[PDB]
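Okay, structure first, notes after.
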Amino acid sequence: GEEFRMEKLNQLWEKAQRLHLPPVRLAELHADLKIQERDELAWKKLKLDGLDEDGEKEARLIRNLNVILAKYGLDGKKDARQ
Numbered sequence: 240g241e242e243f244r245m246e247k248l249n250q251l252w253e254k255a256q257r258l259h260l261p262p263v264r265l266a267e268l269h270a271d272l273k274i275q276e277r278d279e280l281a282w283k284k285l286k287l288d289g290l291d292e293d294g295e296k297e298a299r300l301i302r303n304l305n306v307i308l309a310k311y312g313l314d315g316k317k318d319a320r321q
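The working numbering numbers the first residue of the sequence shown as 240 and each following residue consecutively.
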């Protein structure tokens, strides 16, 4: 029953669900996050099969999850302390 199968995705997802975003902002975040899940999951398969040795693909996906967050501003708040 986990929206996805990756901890990073399930973590960001649970995070939004925690901030309780409207069905529109959450439907857009969940949808966009899904596409990111299709590529991300596909990535777990990449390393699993041994296709990305330089995690370069993972870096693009990461930078994407990072962009998606920088887009919804849901990047969080502290977590890193400022």
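Even for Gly, the Cβ is constructed at its ideal location relative to N, Cα and C.
Item	Value
Short Cβ contact (8 Å threshold) for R244 with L280	yes
DSSP three-state assignment for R277, whether helix, strand or coil	helix
Option nearest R299 by Cα separation, candidates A309, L290, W282 and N249	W282
Local Cβ density within 10 Å of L290, reported as buried at 16 or more and exposed below that	exposed
Residue span of the alpha helix (DSSP H) that contains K310, given as start and end	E295 to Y311
Proximal residues to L260 (C-beta, below 7 Å), its chain only, five neighbours per side dropped	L268
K316 versus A270, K254 and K296, residue with shortest Cα-Cα distance	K254
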